[PDB]
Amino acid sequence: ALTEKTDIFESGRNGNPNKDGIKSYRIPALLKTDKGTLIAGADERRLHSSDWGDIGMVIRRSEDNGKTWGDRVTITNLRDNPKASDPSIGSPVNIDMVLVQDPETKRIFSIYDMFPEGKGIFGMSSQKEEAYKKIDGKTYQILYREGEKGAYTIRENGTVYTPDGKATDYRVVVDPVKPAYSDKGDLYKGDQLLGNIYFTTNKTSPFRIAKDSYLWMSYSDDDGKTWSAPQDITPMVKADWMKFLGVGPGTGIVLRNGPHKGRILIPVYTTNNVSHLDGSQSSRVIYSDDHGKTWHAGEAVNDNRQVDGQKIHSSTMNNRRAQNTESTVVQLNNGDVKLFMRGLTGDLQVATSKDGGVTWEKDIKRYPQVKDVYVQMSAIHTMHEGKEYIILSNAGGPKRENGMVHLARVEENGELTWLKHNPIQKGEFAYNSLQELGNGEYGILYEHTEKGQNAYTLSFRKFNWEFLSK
């Protein structure tokens, strides 16, 4: 019923780097393509297991349903600041991905966070820095020059314009060409490399982007073999009030029925400037109706939500327990969208959208049958013999341990009836990503450590309906 674990991304041991010089792997995403390929994505955390530093967005492909795996394809890996005093925080950061395939165009998307050099979500400034400027109907990324108040802009061809709208002799690499696109943001004067717009300390160039939270996208048209250069989707989806805006890691969905059929959903979450990570983490989705060309923000589950007899908003809330963070998204046969949200209640929180993920119903459903220890989860839709189900995997607890696979029957009204709860991994268990394999078989890429492994090694297992019914 259930296979042995095949390690896909292997972490180092006892606090040391593995043989490739990588201490850590984190944040699995598992995608089954139209060819039948399995794409396994991960944070490649070179220097340590923490949520920052030098991190590549990496995939491996299985052209045989999880039996054997090809070599690592690196989607994006921004080069580190060679002059940073502390290399553990000395790199521009990419962190956390969501994979999805457009079932019509066959395009595969990787959407992931981006920060300039520093500590990621843990090094955000208290004060807003404007990141973008609209000039004659065009949106440009801003640059700040040391000692100057004014907003420089990156305009056509990467050419840097002054605050007062004059071209300079500086340009930015806006069309990176190097492997892993490690030249992105490089700042030139002519053909002299000066530095990089993502460096924040001990800079050798005069320019940097706003110290903010960004959202990037990369895509593949050849089943995950090669990848586009990073596309900055931030200004399409990030409101002025948002502090953090980042993905809920794993695998997104494409709506298969109802008025919004073909819509791509990407779970994300925000914080605000009132209470940031202490009281404002709020789930929502971004979506595309045009096959991934343009992106829109849905409303938050927390927007106009009644809490303890009073209305809150994702932009103003300061309520630790009312937060919802990383989430996993599923569309039902009746057309409802369910959002399963990592939260702080001890048990499973679920929001429902009747309009394709744009707005959410007033109640969040809490399911005591499914434990949540405040950790990522995944959930997928599945049809077994014409009956409708959802499979959800997360840690059983009491800590980030004991991988549980849950089975729910979905009722005609969209309610969830939990049937079975089946252990899939003893010991350490954290982030995971489920897929349908196409028989009655299901795949799962997850975080687990054993035998002194650094957090985490990411492993793959198959399981059938015989395992689910147990």
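Residues carry their position along the shown sequence, with the first being 1. Each form is matched to the other, and the largest set of C-alpha atoms that superpose within 1.5 Å is called the rigid core.
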{"property": "Which of 125-133 and 349-357 strays further in 4 other deposited structures of this protein - Cα RMS after rigid core alignment", "result": "125-133"}
{"property": "Stretch with larger C-alpha RMS deviation in 4 other deposited structures of this protein, core superposed, 318-326 versus 114-122", "result": "114-122"}
{"property": "Per the entry, higher mean C-alpha B factor between 194-202 and 396-404", "result": "396-404"}
{"property": "Mean C-alpha temperature factor, higher of 164-172 and 240-248", "result": "164-172"}
{"property": "Residue with highest C-alpha B-factor in the PDB entry, from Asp54, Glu63, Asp43, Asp51", "result": "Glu63"}
{"property": "Given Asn272, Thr139, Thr382, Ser91, the residue at which the Cα B factor reaches its maximum", "result": "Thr382"}
{"property": "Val370 CA temperature factor, ranked by third within the chain", "result": "highest"}
{"property": "Third of the chain, ranked by Cα B-factor, where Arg72 sits", "result": "highest"}
{"property": "Assigned third (lowest, middle, highest) for the C-alpha B factor of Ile390", "result": "highest"}
{"property": "Position of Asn319 among the chain's modelled residues by C-alpha B-factor, lowest, middle or highest third", "result": "lowest"}
{"property": "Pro235 by Cα B-factor - lowest, middle or highest third of the modelled chain", "result": "lowest"}
